[PDB]
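Below is entry-v2.tsv, which holds TSV, C-alpha atoms and all ligand atoms.
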chain	number	residue	atom	x	y	z
F	60	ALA	CA	32.10	59.04	143.27
F	61	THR	CA	30.24	59.67	140.00
F	62	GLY	CA	27.96	62.42	141.28
F	63	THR	CA	27.64	66.12	140.61
F	64	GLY	CA	27.95	68.45	143.57
F	65	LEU	CA	25.86	71.58	144.05
F	66	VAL	CA	26.42	74.30	146.66
F	67	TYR	CA	23.79	76.87	147.56
F	68	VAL	CA	23.03	78.71	150.80
F	69	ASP	CA	20.42	81.33	151.65
F	70	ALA	CA	23.27	83.68	152.64
F	71	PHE	CA	23.80	84.22	148.90
F	72	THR	CA	20.55	86.24	148.86
F	73	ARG	CA	21.34	88.28	151.99
F	74	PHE	CA	22.84	91.35	150.31
F	75	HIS	CA	21.61	93.79	147.70
F	76	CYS	CA	22.14	97.34	146.52
F	77	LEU	CA	20.78	99.68	149.21
F	78	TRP	CA	20.80	102.77	146.97
F	79	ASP	CA	19.53	101.37	143.63
F	80	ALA	CA	16.38	99.25	143.70
F	81	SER	CA	16.84	98.35	140.02
F	82	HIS	CA	20.44	97.16	140.37
F	83	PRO	CA	20.99	94.15	138.06
F	84	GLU	CA	23.27	92.26	140.49
F	85	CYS	CA	20.51	91.18	142.84
F	86	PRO	CA	19.45	88.21	145.00
F	87	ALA	CA	16.91	86.96	142.42
F	88	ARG	CA	19.87	85.90	140.26
F	89	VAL	CA	20.55	82.89	142.49
F	90	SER	CA	17.01	82.14	143.68
F	91	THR	CA	15.75	81.88	140.10
F	92	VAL	CA	18.61	79.51	139.26
F	93	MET	CA	17.73	77.31	142.23
F	94	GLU	CA	14.02	77.41	141.42
F	95	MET	CA	14.59	76.28	137.83
F	96	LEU	CA	17.04	73.55	138.84
F	97	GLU	CA	14.34	72.26	141.20
F	98	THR	CA	11.45	72.39	138.72
F	99	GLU	CA	13.56	70.78	135.98
F	100	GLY	CA	14.32	67.90	138.37
F	101	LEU	CA	18.05	68.58	138.18
F	102	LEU	CA	18.50	69.76	141.78
F	103	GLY	CA	17.34	66.42	143.19
F	104	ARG	CA	19.83	64.59	140.96
F	105	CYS	CA	22.79	66.48	142.48
F	106	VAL	CA	24.69	65.85	145.70
F	107	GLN	CA	24.03	68.77	148.04
F	108	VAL	CA	27.38	70.02	149.34
F	109	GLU	CA	27.61	72.34	152.34
F	110	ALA	CA	29.20	75.74	151.95
F	111	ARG	CA	31.86	77.03	154.31
F	112	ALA	CA	33.39	80.40	155.09
F	113	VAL	CA	36.79	81.04	153.55
F	114	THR	CA	39.59	81.57	156.07
F	115	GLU	CA	41.97	84.51	156.18
F	116	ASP	CA	44.85	82.22	155.16
F	117	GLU	CA	42.90	81.08	152.10
F	118	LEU	CA	42.05	84.67	151.12
F	119	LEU	CA	45.73	85.56	151.46
F	120	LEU	CA	46.63	83.16	148.66
F	121	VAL	CA	45.41	85.96	146.38
F	122	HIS	CA	44.50	89.10	148.34
F	123	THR	CA	46.53	91.44	150.53
F	124	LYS	CA	46.15	91.57	154.30
F	125	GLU	CA	45.27	95.26	154.12
F	126	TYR	CA	42.51	94.60	151.59
F	127	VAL	CA	41.09	91.66	153.53
F	128	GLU	CA	41.07	93.85	156.65
F	129	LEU	CA	39.25	96.66	154.85
F	130	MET	CA	36.65	94.27	153.43
F	131	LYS	CA	36.09	92.69	156.84
F	132	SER	CA	35.45	96.16	158.30
F	133	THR	CA	32.57	96.82	155.88
F	134	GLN	CA	30.26	94.66	158.00
F	135	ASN	CA	30.26	97.43	160.65
F	136	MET	CA	29.91	100.42	158.31
F	137	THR	CA	26.95	102.74	157.94
F	138	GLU	CA	25.21	102.97	154.59
F	139	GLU	CA	26.95	106.30	153.98
F	140	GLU	CA	30.33	104.72	154.77
F	141	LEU	CA	29.60	101.76	152.50
F	142	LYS	CA	28.66	104.07	149.62
F	143	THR	CA	31.75	106.24	150.07
F	144	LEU	CA	33.97	103.15	149.94
F	145	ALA	CA	32.06	101.48	147.10
F	146	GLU	CA	32.45	104.65	145.02
F	147	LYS	CA	36.24	104.32	145.26
F	148	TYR	CA	35.93	101.26	142.99
F	149	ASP	CA	34.54	100.65	139.51
F	150	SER	CA	31.10	99.06	139.22
F	151	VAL	CA	30.71	98.04	142.87
F	152	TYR	CA	28.14	98.37	145.61
F	153	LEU	CA	28.48	97.40	149.27
F	154	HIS	CA	26.14	96.10	151.96
F	155	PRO	CA	26.61	95.13	155.62
F	156	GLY	CA	26.20	91.44	154.71
F	157	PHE	CA	28.40	91.53	151.59
F	158	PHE	CA	31.58	90.36	153.34
F	159	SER	CA	29.88	87.40	155.04
F	160	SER	CA	28.26	86.34	151.76
F	161	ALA	CA	31.54	86.81	149.87
F	162	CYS	CA	33.34	84.52	152.34
F	163	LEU	CA	30.71	81.81	151.80
F	164	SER	CA	30.93	82.38	148.04
F	165	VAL	CA	34.66	81.61	148.03
F	166	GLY	CA	34.20	78.73	150.45
F	167	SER	CA	31.53	77.10	148.30
F	168	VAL	CA	34.08	76.69	145.51
F	169	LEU	CA	36.69	75.29	147.89
F	170	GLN	CA	34.18	72.72	149.16
F	171	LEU	CA	33.62	71.48	145.61
F	172	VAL	CA	37.37	71.43	144.91
F	173	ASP	CA	37.81	69.17	147.96
F	174	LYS	CA	35.11	66.75	146.83
F	175	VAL	CA	36.22	66.62	143.19
F	176	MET	CA	39.94	66.31	143.91
F	177	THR	CA	39.39	63.42	146.35
F	178	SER	CA	37.05	61.62	143.91
F	179	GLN	CA	34.07	61.98	146.27
F	180	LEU	CA	32.32	63.66	143.33
F	181	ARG	CA	32.97	63.76	139.60
F	182	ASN	CA	32.29	67.48	139.17
F	183	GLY	CA	30.25	70.29	140.65
F	184	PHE	CA	28.64	73.72	140.39
F	185	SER	CA	28.41	76.46	143.01
F	186	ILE	CA	25.33	78.66	142.64
F	187	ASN	CA	27.09	81.55	144.34
F	188	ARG	CA	27.00	85.28	144.63
F	189	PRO	CA	28.83	87.55	144.86
F	190	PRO	CA	30.82	86.75	141.73
F	191	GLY	CA	34.59	86.75	141.70
F	192	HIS	CA	36.41	87.07	138.39
F	193	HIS	CA	36.90	90.87	138.44
F	194	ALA	CA	38.18	91.03	142.02
F	195	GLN	CA	41.84	91.92	142.39
F	196	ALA	CA	44.56	91.48	144.98
F	197	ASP	CA	43.80	94.80	146.68
F	198	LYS	CA	40.51	96.09	145.31
F	199	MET	CA	36.90	95.30	144.55
F	200	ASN	CA	35.70	95.55	140.97
F	201	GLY	CA	32.73	94.60	138.83
F	202	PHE	CA	30.44	93.51	141.70
F	203	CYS	CA	33.18	91.21	143.05
F	204	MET	CA	34.90	91.37	146.44
F	205	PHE	CA	37.08	88.23	146.42
F	206	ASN	CA	38.32	86.28	143.42
F	207	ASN	CA	36.53	82.98	144.01
F	208	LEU	CA	38.23	81.00	141.26
F	209	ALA	CA	41.71	82.47	141.69
F	210	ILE	CA	41.60	81.47	145.36
F	211	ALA	CA	40.22	78.06	144.42
F	212	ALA	CA	43.06	77.49	141.95
F	213	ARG	CA	45.81	78.32	144.45
F	214	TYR	CA	43.97	76.31	147.12
F	215	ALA	CA	43.88	73.27	144.83
F	216	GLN	CA	47.63	73.67	144.37
F	217	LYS	CA	48.50	74.23	148.04
F	218	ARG	CA	46.10	71.75	149.67
F	219	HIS	CA	45.56	69.09	147.00
F	220	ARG	CA	49.05	69.52	145.47
F	221	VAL	CA	47.70	70.01	141.96
F	222	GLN	CA	50.47	71.18	139.63
F	223	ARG	CA	48.45	72.75	136.77
F	224	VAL	CA	44.98	74.37	136.85
F	225	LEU	CA	43.04	75.52	133.81
F	226	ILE	CA	40.57	78.39	134.31
F	227	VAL	CA	38.02	78.80	131.51
F	228	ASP	CA	36.07	82.07	131.62
F	229	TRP	CA	33.01	82.17	129.35
F	230	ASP	CA	31.33	85.12	131.03
F	231	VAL	CA	30.80	87.87	128.46
F	232	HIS	CA	33.21	90.16	130.34
F	233	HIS	CA	36.95	89.78	130.62
F	234	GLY	CA	38.00	88.41	134.00
F	235	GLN	CA	40.85	90.87	134.32
F	236	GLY	CA	41.25	90.03	138.01
F	237	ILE	CA	42.09	86.42	137.19
F	238	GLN	CA	44.43	87.54	134.40
F	239	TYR	CA	46.31	89.92	136.71
F	240	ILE	CA	46.61	87.39	139.53
F	241	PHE	CA	48.18	84.73	137.29
F	242	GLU	CA	49.98	87.07	134.86
F	243	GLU	CA	53.44	85.65	135.70
F	244	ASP	CA	52.29	82.14	136.66
F	245	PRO	CA	52.71	79.21	134.22
F	246	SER	CA	50.96	76.79	136.59
F	247	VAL	CA	47.53	78.39	136.01
F	248	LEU	CA	46.42	78.78	132.40
F	249	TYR	CA	43.71	81.44	132.04
F	250	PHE	CA	41.45	81.45	128.98
F	251	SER	CA	38.84	84.17	128.56
F	252	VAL	CA	36.39	84.73	125.71
F	253	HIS	CA	34.64	88.07	126.05
F	254	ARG	CA	33.00	90.98	124.31
F	255	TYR	CA	35.61	93.68	123.65
F	256	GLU	CA	34.69	95.81	120.62
F	257	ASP	CA	38.16	97.34	120.46
F	258	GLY	CA	37.81	98.48	124.06
F	259	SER	CA	34.37	100.07	123.70
F	260	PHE	CA	32.82	97.47	126.03
F	261	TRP	CA	33.44	97.44	129.77
F	262	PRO	CA	35.99	97.16	131.37
F	263	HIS	CA	37.67	98.99	128.43
F	264	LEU	CA	41.15	97.52	129.01
F	265	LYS	CA	43.91	97.28	126.45
F	266	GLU	CA	45.00	94.19	128.43
F	267	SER	CA	41.79	92.41	127.36
F	268	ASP	CA	43.10	92.03	123.80
F	269	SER	CA	44.82	88.86	122.60
F	270	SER	CA	48.28	90.49	122.71
F	271	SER	CA	48.25	90.04	126.51
F	272	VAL	CA	49.75	86.54	126.71
F	273	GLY	CA	51.26	86.70	130.20
F	274	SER	CA	54.78	87.67	131.12
F	275	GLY	CA	57.96	86.31	132.63
F	276	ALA	CA	57.56	82.68	133.62
F	277	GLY	CA	53.88	83.04	132.69
F	278	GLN	CA	54.50	83.96	129.05
F	279	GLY	CA	51.99	82.03	126.94
F	280	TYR	CA	49.73	81.07	129.84
F	281	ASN	CA	47.12	83.83	129.41
F	282	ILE	CA	44.80	83.57	126.40
F	283	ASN	CA	42.21	86.25	125.56
F	284	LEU	CA	39.62	85.82	122.79
F	285	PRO	CA	38.03	89.25	122.25
F	286	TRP	CA	34.82	89.53	120.23
F	287	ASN	CA	34.68	92.76	118.23
F	288	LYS	CA	31.07	92.49	117.07
F	289	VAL	CA	27.86	91.80	118.98
F	290	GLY	CA	25.49	88.97	118.15
F	291	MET	CA	27.83	86.00	118.53
F	292	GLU	CA	26.05	82.65	118.50
F	293	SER	CA	26.59	79.09	119.71
F	294	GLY	CA	28.71	78.17	116.68
F	295	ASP	CA	31.13	80.99	117.39
F	296	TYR	CA	31.76	79.66	120.90
F	297	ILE	CA	31.93	76.00	119.87
F	298	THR	CA	34.38	76.87	117.09
F	299	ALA	CA	36.58	78.83	119.51
F	300	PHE	CA	36.65	75.84	121.87
F	301	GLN	CA	37.39	73.40	119.02
F	302	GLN	CA	40.12	75.45	117.28
F	303	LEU	CA	41.86	77.14	120.21
F	304	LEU	CA	40.91	76.11	123.76
F	305	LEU	CA	40.80	72.30	123.46
F	306	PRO	CA	44.13	71.90	121.62
F	307	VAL	CA	45.87	74.12	124.18
F	308	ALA	CA	44.09	72.48	127.12
F	309	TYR	CA	45.26	69.01	126.08
F	310	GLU	CA	48.82	70.24	125.63
F	311	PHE	CA	48.71	71.93	129.05
F	312	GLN	CA	47.36	68.75	130.73
F	313	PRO	CA	45.65	70.38	133.71
F	314	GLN	CA	44.70	68.36	136.77
F	315	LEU	CA	41.66	70.54	137.55
F	316	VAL	CA	39.41	72.73	135.39
F	317	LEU	CA	37.62	75.70	136.97
F	318	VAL	CA	34.98	77.56	134.96
F	319	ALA	CA	34.03	81.20	135.51
F	320	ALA	CA	30.47	80.32	134.55
F	321	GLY	CA	28.77	83.58	133.70
F	322	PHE	CA	25.68	83.58	131.51
F	323	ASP	CA	25.66	87.14	130.22
F	324	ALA	CA	26.48	85.88	126.72
F	325	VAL	CA	23.10	84.10	126.64
F	326	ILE	CA	20.30	85.41	124.42
F	327	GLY	CA	18.31	88.01	126.34
F	328	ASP	CA	20.99	89.32	128.68
F	329	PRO	CA	20.46	93.09	129.16
F	330	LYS	CA	24.17	93.96	128.77
F	331	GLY	CA	26.03	91.18	126.97
F	332	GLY	CA	24.78	91.76	123.44
F	333	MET	CA	25.29	88.14	122.37
F	334	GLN	CA	22.88	85.53	121.02
F	335	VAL	CA	24.16	82.27	122.50
F	336	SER	CA	21.45	79.72	123.17
F	337	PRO	CA	21.38	78.34	126.72
F	338	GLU	CA	21.69	74.85	125.23
F	339	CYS	CA	25.12	75.81	123.86
F	340	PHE	CA	26.41	75.58	127.42
F	341	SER	CA	25.60	71.87	127.50
F	342	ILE	CA	28.04	71.48	124.61
F	343	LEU	CA	30.70	73.79	126.06
F	344	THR	CA	30.53	71.96	129.40
F	345	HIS	CA	30.79	68.61	127.59
F	346	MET	CA	33.84	69.84	125.68
F	347	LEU	CA	35.66	70.58	128.94
F	348	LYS	CA	34.97	67.22	130.60
F	349	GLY	CA	37.66	65.54	128.45
F	350	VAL	CA	40.65	66.98	130.32
F	351	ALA	CA	41.75	66.64	133.94
F	352	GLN	CA	39.96	63.27	134.23
F	353	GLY	CA	36.72	65.24	134.17
F	354	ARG	CA	37.61	67.14	137.36
F	355	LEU	CA	35.50	70.18	136.56
F	356	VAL	CA	34.08	72.82	138.92
F	357	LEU	CA	31.81	75.62	137.69
F	358	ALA	CA	31.14	78.76	139.71
F	359	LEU	CA	28.53	81.37	138.90
F	360	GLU	CA	29.86	84.72	137.69
F	361	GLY	CA	27.62	87.12	135.73
F	362	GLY	CA	24.36	86.85	133.86
F	363	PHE	CA	21.65	89.43	134.53
F	364	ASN	CA	18.60	88.07	132.71
F	365	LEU	CA	17.06	85.87	135.40
F	366	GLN	CA	15.54	83.37	132.97
F	367	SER	CA	18.48	83.25	130.54
F	368	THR	CA	20.97	82.70	133.37
F	369	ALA	CA	18.82	80.00	134.98
F	370	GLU	CA	18.50	78.23	131.62
F	371	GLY	CA	22.26	78.43	131.05
F	372	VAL	CA	22.98	76.94	134.47
F	373	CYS	CA	20.49	74.13	133.82
F	374	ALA	CA	22.03	73.37	130.42
F	375	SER	CA	25.49	73.17	131.99
F	376	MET	CA	24.19	70.98	134.81
F	377	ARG	CA	22.63	68.49	132.36
F	378	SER	CA	26.11	67.92	130.96
F	379	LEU	CA	27.74	67.67	134.39
F	380	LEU	CA	25.16	64.96	135.19
F	381	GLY	CA	26.04	63.09	131.98
F	382	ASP	CA	22.83	63.58	129.99
F	383	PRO	CA	23.21	63.32	126.19
F	384	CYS	CA	23.96	66.68	124.61
F	385	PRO	CA	21.12	68.46	122.80
F	386	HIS	CA	21.21	69.02	119.07
F	387	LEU	CA	21.86	72.66	118.28
F	388	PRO	CA	19.44	74.23	115.75
F	389	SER	CA	22.04	76.78	114.73
F	390	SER	CA	24.81	75.27	112.65
F	391	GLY	CA	28.20	75.30	114.31
F	392	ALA	CA	29.43	77.50	111.46
F	393	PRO	CA	31.11	80.65	112.86
F	394	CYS	CA	30.71	84.16	111.53
F	395	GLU	CA	33.52	86.06	109.81
F	396	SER	CA	34.16	88.31	112.82
F	397	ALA	CA	34.50	85.36	115.19
F	398	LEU	CA	36.93	83.62	112.83
F	399	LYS	CA	38.96	86.85	112.63
F	400	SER	CA	39.25	87.04	116.43
F	401	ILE	CA	40.09	83.34	116.74
F	402	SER	CA	42.78	83.54	114.06
F	403	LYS	CA	44.28	86.63	115.68
F	404	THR	CA	44.41	84.97	119.11
F	405	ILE	CA	46.06	81.91	117.54
F	406	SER	CA	48.56	84.25	115.87
F	407	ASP	CA	49.41	85.81	119.23
F	408	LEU	CA	49.73	82.47	121.07
F	409	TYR	CA	51.32	80.22	118.44
F	410	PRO	CA	54.94	80.77	119.64
F	411	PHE	CA	54.02	79.11	122.95
F	412	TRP	CA	51.82	76.11	122.00
F	413	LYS	CA	52.87	73.29	119.68
F	414	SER	CA	49.17	72.47	119.23
F	415	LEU	CA	48.65	75.90	117.59
F	416	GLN	CA	51.24	75.50	114.84
F	417	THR	CA	50.24	75.08	111.17
R	1	LIG	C1	27.81	101.43	133.72
R	1	LIG	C2	28.02	99.94	133.38
R	1	LIG	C3	29.13	99.82	132.33
R	1	LIG	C4	28.34	99.10	134.62
R	1	LIG	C5	28.40	97.61	134.33
R	1	LIG	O1	27.68	97.12	133.46
R	1	LIG	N1	29.25	96.79	135.06
R	1	LIG	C6	29.36	95.45	135.13
R	1	LIG	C7	30.41	94.80	135.81
R	1	LIG	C8	30.43	93.42	135.98
R	1	LIG	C9	29.38	92.60	135.53
R	1	LIG	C10	29.36	91.16	135.69
R	1	LIG	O2	29.61	90.61	136.77
R	1	LIG	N2	28.92	90.36	134.59
R	1	LIG	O3	28.89	89.03	134.70
R	1	LIG	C11	28.35	93.26	134.89
R	1	LIG	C12	28.32	94.63	134.73
R	1	LIG	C13	27.30	99.27	135.74
R	1	LIG	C14	27.63	99.87	136.97
R	1	LIG	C15	26.71	100.00	138.01
R	1	LIG	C16	25.42	99.52	137.88
R	1	LIG	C17	25.06	98.92	136.68
R	1	LIG	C18	25.99	98.78	135.64
R	2	K	K	35.20	85.89	129.87
R	3	K	K	48.71	82.48	133.73
R	4	ZN	ZN	29.99	89.36	133.13
Take the structure in the file and give it back as structure tokens.
Ligand SMILES: CC(C)[C@H](C(=O)Nc1ccc(C(=O)NO)cc1)c1ccccc1
Ligand SMILES: [K+]
Ligand SMILES: [K+]
Ligand SMILES: [Zn+2]
Amino acid sequence: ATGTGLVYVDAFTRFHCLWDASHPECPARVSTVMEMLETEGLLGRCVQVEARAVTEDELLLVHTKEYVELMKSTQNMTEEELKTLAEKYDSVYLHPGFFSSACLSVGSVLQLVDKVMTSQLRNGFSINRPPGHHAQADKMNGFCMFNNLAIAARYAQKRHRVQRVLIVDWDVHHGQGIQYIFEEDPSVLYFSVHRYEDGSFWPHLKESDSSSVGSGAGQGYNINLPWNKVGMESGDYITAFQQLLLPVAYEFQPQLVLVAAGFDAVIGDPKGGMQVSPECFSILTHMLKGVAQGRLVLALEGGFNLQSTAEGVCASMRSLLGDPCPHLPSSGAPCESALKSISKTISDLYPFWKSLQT
């Protein structure tokens, strides 16, 4: 009942980019994570949880029938057909095994949701690829086919009858797919901190700015924290969690926390441009264990430096397992640019959250 679940299957390595041997979204991402968890002795301290394939009905909580059908058909396509389809999307490749792996990727999160919601485990982490947070109702995007966490959130609500789910997205990119899916939904609060640079950084969306707060019944339930300078450090992230995310999370009172656990903000990532120490993720994970009775499930999103991502996963896992948090060399003092972004997000969200008022 107190344990930490871990899901990993070899199927997560069984797809890769057929037309770019240097593609950064590659099978080594997950095998290096598993190898470091093993050598650090963390893997043996976790409860191994089996994966499962998502069902059509589960996919349809988020995705359209037509899109599911098209994705299913990719398993029978030629390489030329896969490339022609992949090129209709932004930042996507395809592979004959992609669909099968994507179904296990979603299902791995659902397995952990089952165990955590029924108190069989305290928390858990799926070491999954493909990632999910960019995937949309009817299209692939950003190396994602299905939106793992969006499905998991609606599954927790439908199956386990959870009323409120908090999704925390600390990947360096905006999870616009999650934002879109829950745009009008007050039962799922989406928080994303991401590099933005006034739209210069991918995916270059105006909707990634803090003015996008959700709409209709969902007004106030979408919170974007855009960084407009590179080089953010641990103290910038800790400060954002302390000033903005935690006060709102406690007011929202979620019954489950899902984390889009990308590690492309870690020092050394080839694209993220940030300078967050892997150890920072021990602290960020610890800061999220205080809501939802500690019912916390992390799922791997991005992170392209094999060592940096593995270290970030290990740091998060140490906190899931209850190990005392490391001391951070860096002082938790944020930079001026981070404070500017945090204050602006608070300004945009204050009408909706009593915890964000004076
Ligand atoms: C051209 C560049 C802007 C583009 C890109 O970087 N996309 C991108 C999308 C999602 C993630 C992610 O999942 N991060 O966690 C990471 C990167 C790209 C496209 C094709 C091959 C390489 C790179
Ligand atoms: K993010
Ligand atoms: K929402
Ligand atoms: Zn990313």
Discussion item. I need the residue nearest residue 203 of chain F from this list: F:252, F:110, F:330, F:359. Use only C-alpha atoms for the distance.
Written reply: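 The shortest atom-to-atom distance to residue 203 of chain F comes from F:359.
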Practice prompt. May I have the residues within 12 Å of residue 417 of chain F as an MDAnalysis selection string, using all atoms listed in the file and disregarding those fewer than 5 positions away in the same chain?
Written response: chainID F and resid 302 402 405:406 409:410 412
Worksheet entry | Contacts of segment 71-88 of chain F at 7 Å (all atoms listed in the file; same-chain gap of 6+ positions) as an MDAnalysis selection string | chainID F and resid 152:154 156:157 160 187:188 363 365
Fill in: Selected residue, from F:140, F:230, F:117, F:395, that lies nearest to residue 209 of chain F when counting only C-alpha atoms
F:117
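Using all atoms listed in the file, the smallest distance between any of F:347, F:342, F:308, F:204 and ligand LIG 1 (chain R) comes from F:204.
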